[PDB]
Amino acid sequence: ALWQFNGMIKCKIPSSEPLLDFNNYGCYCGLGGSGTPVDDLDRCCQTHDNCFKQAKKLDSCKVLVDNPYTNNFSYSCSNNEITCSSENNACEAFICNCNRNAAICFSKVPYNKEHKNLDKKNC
């Protein structure tokens, strides 16, 4: 889910606006992704892309039309830690864990100015 993935990175990074700061960064952070990741932040987004790829080949996710972005799920942010809820059914619980690992990865890697809006001739 986009707005829930947005909310989870703000849980870990209270000062950012993820849809401005982390959209269109490198080769993978954003819509699609291809080529070799340019740094570790970008490698966080490759893994996140691969994890939503996993979820699509899940039998459980198949009947879900509003796919890995508009479909939702439920989680909570409490003292800057993300908890995915047990009332999530199988597809949404896999999506919530994909998104939860991406937001922790984001908070743990250096952010490189030079890669924001990287020319996709580099990917």
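Throughout, we count residues from 1 along the sequence that is shown.
In this entry, the higher average B-factor at the C-alpha atoms falls on 112-120, of the pair 112-120 and 4-12. Of the two segments examined, 89-97 and 25-33, it is 25-33 that shows the higher average Cα temperature factor in the deposited entry.
Looking at 84, 61, 77, 38, the one whose CA carries the top B-factor in the deposited record is 61.
When all modelled residues of the chain are sorted by CA temperature factor, residue 51 is found within the middle third.
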